[PDB]
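Let's start with one chain on its own, the form deposited in one PDB entry, as structure tokens.
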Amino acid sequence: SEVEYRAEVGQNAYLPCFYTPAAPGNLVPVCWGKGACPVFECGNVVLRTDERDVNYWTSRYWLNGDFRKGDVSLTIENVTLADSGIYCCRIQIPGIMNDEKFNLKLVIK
């Protein structure tokens, strides 16, 4: 089959995403969105950071981890059936192509 994340209506969803700062003392921008990762950026952006902190936020969506140390995992509060679908987590790594793109499947029961 294929990896997926699961939650009942009402609960919080927990979607993982990670990087390891192989060049420490330096962070990269990140963004979550709805829909599979397109060629550039993420889909309907819901949460984004610059190279320092969150510069775009949506009600119900939160970075729950130490994102400055590579935990870019996402909490979604009080989920509904509408929240089912694919989410894109994206790390802006400097270089040609580079960008780490992660599609995470959420299934709401």
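We call the rigid core the largest set of C-alpha positions that still match within 1.5 Å between the two forms. Position 1 is the first residue in the sequence shown; the rest follow in order.
- For the pair 63-71 and 78-86, the record assigns the higher mean C-alpha temperature factor to 78-86.
- With 89-97 and 5-13 compared on mean CA B-factor from the PDB entry, the stretch scoring higher is 89-97.
- Of the candidates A36, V54, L27, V46, the PDB record gives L27 the highest C-alpha temperature factor.
Not pictured, yet referred to below: the form deposited in another entry.
- When the two forms are overlaid on the rigid core, CA displacement between the shown form and the other one of 2 Å or more is confined, within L27, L63, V79, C42, to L27.
- After superposing the rigid core, the Cα of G10 is displaced by less than 2 Å between the shown form and the other one.
- One change in the other form concerns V72 and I96, whose Cα atoms lie at least 3 Å closer than in this form.
- In summary, the C-alpha positions of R90 and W57 diverge in the other form, ending up at least 3 angstroms farther from each other than in this conformation.
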